[PDB]
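Q: PDB entry and its sequence, pasted below:
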Amino acid sequence: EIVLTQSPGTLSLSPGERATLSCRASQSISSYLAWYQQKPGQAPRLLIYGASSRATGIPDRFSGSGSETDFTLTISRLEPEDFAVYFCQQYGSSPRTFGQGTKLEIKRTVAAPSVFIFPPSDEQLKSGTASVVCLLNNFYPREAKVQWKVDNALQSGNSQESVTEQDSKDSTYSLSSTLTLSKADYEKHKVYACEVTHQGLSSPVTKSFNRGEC
Amino acid sequence: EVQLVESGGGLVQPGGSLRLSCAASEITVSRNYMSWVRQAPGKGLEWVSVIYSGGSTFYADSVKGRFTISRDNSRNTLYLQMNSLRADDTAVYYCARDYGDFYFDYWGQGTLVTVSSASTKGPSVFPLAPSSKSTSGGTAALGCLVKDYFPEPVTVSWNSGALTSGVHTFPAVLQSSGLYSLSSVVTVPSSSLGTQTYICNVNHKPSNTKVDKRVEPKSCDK
Amino acid sequence: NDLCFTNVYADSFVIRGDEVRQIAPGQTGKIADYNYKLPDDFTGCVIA
């Protein structure tokens, strides 16, 4: 079975410029690839017929390029409506396959997070398990790094995190992270803190609270 | 214009069976190539099968003699049955039409398919009391926690979707405990914090459980 | 070299090697199901 490789891993660029999406296959073909778009949580949409034929519902900014084994996708004058992931599938024969995807990001300017830490609710403490919540809002780059510190001791490895897609209106992102421990362990230490490192800040910013503060 | 409307899918324990269906708005289905594909997160799309205009069929090797396809020309509807659903096949599946050599042109809204031995569990809600720092300014950021539910997804709403503004809901997360979780935040002016009544609706479809929790200023010194 | 037959029909067409496998009794495929169909008990030879 023929395997594709989409490249690069991610695409980060400002609007109005040109886009370049490269793809490679295991075995050499002749004009037997295509492109598929998908804004997250929606229906994937067909982009480009063959290597260079464009669908009628798709403006002129797009252009596809293909070869024996190297194949690249090009879009010019990037616009906000273009923020999405991009996929390659084989319309040749094998039977047919696909690629691993690549995400396009529209860049305006760097914005530091809004950081606020919230203590566990009464119901959580009643249930015997305690957790600490830190929230980052309206930031770009997406590559915002968040770490937890307890009694000034690093414990960033007790969390599972997810980050939202791009905000169309503010060109930024928000992150959700949770630090959870047992009630006895939560009582073992006294102060809980979270460290956030970001490009928009001259230095990482840390917020903290004491367990005794309720 | 031409639209594909599907239904079905869902969660059944390993070894179960599941039938799916999809109808087309304007394209008759009868005179068209129709196909099925599925998407697993972080893994991508995947071919499943397709039907040719002559009525012939073909499937991937990994599912031969296991995944079935059928049509009802009378109703412009596509029928798919799945048996022997296995692990890691939980995903969203789509119906698609081609022109030329399998150019998936028009797409439906996608249908989730889920497989696991675990059963359905409603979510739990823990509100967050805002801090004095968070209210600094014209508006304040208030939110609440949702966790210990299965299977995903869960709907969070206010006034059954009337607002659509100032709301940040974070992507879901699967826990090592076998349950899911998520979080959401809403922005309101710092003055209405004491007057406007705050109600959050939590909706979890496979548990058919609808959760409502208030959001009140409260305090940290208490 | 040692048989007699009533008639011999020679059919020719130009396809790609990928679809060559479709020329066999009882197979299915685009060429098979829209262009050229073979009987289940076909008797003859295939050359490409």
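A: Right, received. Where do you want to start? Numbering: from 1, shown residues only, chains lettered A, B, ... in the order given.

Q: closest residue of chain C to chain A?
A: residue C:18 (5.1 Å; Cβ to the nearest Cβ). Just so you know, the C-beta spots here come from the backbone N, C-alpha and C atoms, and that holds for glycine as well.

Q: checking that residue next. Helix, strand or coil?
A: With DSSP: H, G, I helix; E, B strand; the rest coil as the basis, residue C:18 sits in helix.

Q: ok, residue B:80 - contacts?
A: Taking Cβ atoms under 8 Å, 6 or more residues apart in numbering or on different chains, we find residue B:80 in contact with B:19-22, B:36, B:67-70.

Q: ditto for residue B:137
A: Neighbouring residues of residue B:137 by Cβ under 8 Å, 6+ apart: residue B:190.

Q: ok so it is a strand residue?
A: No. The assignment for residue B:137 by three-state DSSP gives coil, which leaves it out of any strand.

Q: what's the separation between it and chain C?
A: Residue B:137 sits 65 Å away from chain C, going by Cβ to the nearest Cβ, to the nearest Å.

Q: for residue A:111, see how far away that residue is.
A: Distance from residue B:137 to residue A:111, counting by Cβ to Cβ, to the nearest Å: 16 Å.

Q: show me what contacts residue B:13?
A: B:115-117 are the contacts of residue B:13 under Cβ under 8 Å, 6+ apart.

Q: and which of these is nearest to residue B:172?
A: Using Cβ to Cβ, residue B:116 comes nearest to residue B:172 of those, at 15.2 Å.

Q: would you confirm that that closest one contacts residue B:174?
A: No. Using Cβ atoms under 8 Å, residue B:116 is not in contact with residue B:174, being 10.7 Å away.

Q: are we agreed that residue B:133 is in a helix?
A: No. Assignment of residue B:133 by three-state DSSP gives coil, placing it outside any helix.

Q: distance check, residue B:75 against residue A:153.
A: The gap separating residue B:75 from residue A:153 is 65 Å, by Cβ to Cβ.

Q: the two: who's more crowded?
A: A count of neighbours by other Cβ atoms under 10 Å in any protein chain shown puts residue B:75 above the other of residue B:75 and residue A:153, at 14 against 10.

Q: which residue is nearest the centroid of chain C?
A: residue C:23 (4.7 Å; Cα atoms, centre = their mean).

Q: need the three-state assignment for it.
A: Under three-state DSSP, residue C:23 falls in the coil class.

Q: same check, this time on residue A:81
A: Assigned by three-state DSSP, the conformation of residue A:81 is helix.

Q: how about the contacts made by it?
A: With Cβ under 8 Å, 6+ apart, residue A:81 has no contacts at all.

Q: let's see it at 10 Å
A: A:15, A:39, A:59, A:106, A:168 (Cβ atoms under 10 Å, 6 or more residues apart in numbering or on different chains).

Q: check residue A:47 too.
A: Residue A:47 is in contact with A:34-37, A:54-55, A:57-58, A:62, A:64, A:73, A:75, A:86-88, counting by Cβ under 10 Å, 6+ apart.

Q: okay, among the residues you listed, which ones form the most distant pair?
A: By the measure Cβ to Cβ, A:57 and A:88 form the most distant pair in these, at 19.6 Å.

Q: count the neighbours of the closest residue to residue B:46 other than its chain neighbours for me.
A: Once flanking residues are discounted, residue B:46 sits nearest to residue B:38: 5.4 Å by Cβ to Cβ, 6 or more residues apart in numbering or on different chains. Using other Cβ under 10 Å, residue B:38 is surrounded by 20 other residues.

Q: wait, residue B:38 sits on residue B:85?
A: No. With contact defined as Cβ atoms under 10 Å, residue B:38 does not count as touching residue B:85 (11.6 Å).

Q: identify the contacts common to those two.
A: By Cβ under 10 Å, 6+ apart, the residues touching both residue B:38 and residue B:85 are residue B:113.

Q: any idea which element residue 37 lies in?
A: Picked chain A for this. strand A:33-38 (DSSP states H and E).

Q: hmm, no, I was thinking of chain B.
A: Here residue B:37 is assigned to strand B:34-39, by DSSP H and E.

Q: centre of the chain to the helix or strand following that strand, how far?
A: Counting by DSSP H and E, the next helix or strand C-terminal to strand B:34-39 is strand B:47-51. Offset of strand B:47-51 from its chain centre (Cα atoms, centre = their mean, to the nearest Å): 22 Å.

Q: what does chain B put close to chain C?
A: B:52-58, B:101 (Cβ under 10 Å from any Cβ of the partner chain).

Q: for those, which one is nearest residue B:207?
A: Closest approach to residue B:207 among those (Cβ to Cβ): residue B:57, at 36.3 Å.

Q: common neighbours of residue B:116 and residue B:174, please.
A: With Cβ under 10 Å, 6+ apart as the test, residue B:116 and residue B:174 both reach B:150-151.

Q: got the residues of chain C near chain A?
A: For chain C, the residues in contact with chain A (Cβ under 10 Å from any Cβ) are C:16, C:18-19, C:30.

Q: which among those count as buried?
A: Buried members of the residues of chain C next to chain A, scored by 16 or more other Cβ atoms under 10 Å in any protein chain shown, are residue C:19.

Q: out of the residues of chain C next to chain A, which touch chain B?
A: Okay, of these touching chain B (Cβ under 10 Å from any Cβ), that's residue C:30.

Q: might one say that residue B:15 is in contact with residue B:115?
A: Yes. With contact defined as Cβ under 10 Å, residue B:15 counts as touching residue B:115 (9.1 Å).

Q: the more surrounded of these two?
A: residue B:115 (21 against 11).

Q: I'd guessed the more buried one sits against residue B:17; true?
A: No. Using Cβ under 10 Å, residue B:115 is not in contact with residue B:17, being 11.0 Å away.

Q: overlap of the contact sets of these two?
A: Common neighbours of residue B:115 and residue B:17 (Cβ under 10 Å, 6+ apart) are B:82, B:85.

Q: close to chain C: what parts of chain A are there?
A: A:92-94.

Q: ok, back up a step: what distance do you get for the residue nearest to residue B:46 to residue B:75?
A: When distance is defined by Cβ to Cβ, residue B:38 is 24 Å away from residue B:75.

Q: for residue B:61, same thing?
A: For residue B:61 relative to residue B:75 (Cβ to Cβ), the value is 31 Å.

Q: OK, contacts around the residue in chain C positioned nearest to chain B?
A: In chain C, the residue that lies nearest chain B is residue C:33 (4.7 Å; Cβ to the nearest Cβ). With contact set as Cβ under 10 Å, 6+ apart, residue C:33 has these partners: B:52-56, C:22, C:27.

Q: what is the nearest of the residues you listed to chain A?
A: Closest approach to chain A among the contacts of residue C:33 (Cβ to the nearest Cβ): residue C:22, at 11.1 Å.

Q: how about the most centrally placed residue in chain B, nearest residue that isn't a chain neighbour?
A: Centroid-nearest residue in chain B, with Cα atoms, centre = their mean: residue B:153, separated by 5.4 Å. Setting aside the residues directly before and after it, residue B:153 is nearest to residue B:172 in space (Cβ to Cβ, 6+ apart), at 6.2 Å.
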